[PDB]
């Protein structure tokens, strides 16, 4: 409804200053050519649902990297606020040490380009975007503020998009690794339909 994020088309490019391993570092979408990217927005640092989502993704950052997928968090907060929040204990609502980059959308350009900017508050909705190695947007997930996303589901989607990528098949509803896929043509799809019904 706003922005430029479109399924099947190149994901909107982004460049931003990020906090990587307690240090400031520039991050841009071009750095991930050939790797999947899970870009997820959150409204504000030092809030409530946001830390649980950042922590949950950081704890499982390696589960995505094993698959060749890098996870990126972003809010409109500056990299100094990110660093401060990272230097705050998790028991106090902080992030503690983080295994994923944390971008600073101080210009709001990323949130606007991805159409997740809640304009009346100038903060980003809980928008999650899955981008493939070729820089093409594959998936969009946006939540209202009071409800957090699921890292399990985001991982399942990355897996499904990679498995259908290389084997040229399509994944049924609820597909998880190890489950059958469908050969997307009239004749060969009968194998799946006759087996599972």
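Positions refer to the first chain, counted from 1.
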*So where's residue 141 on the chain's Cα temperature factor ranking, which third?*
lowest
*Sort the modelled residues of this chain by their C-alpha B factor and say whether residue 98 lands in the lowest, middle or highest third.*
highest
_For residue 79, the third of its chain into which the C-alpha B factor falls_ = lowest
*Can you work out whether the C-alpha temperature factor of residue 68 puts it in the lowest, middle or highest third of the chain?*
highest
*Looking at the entry's B-factor column for C-alpha atoms only, identify whether residue 161 ranks in the lowest, middle or highest third of its chain.*
middle
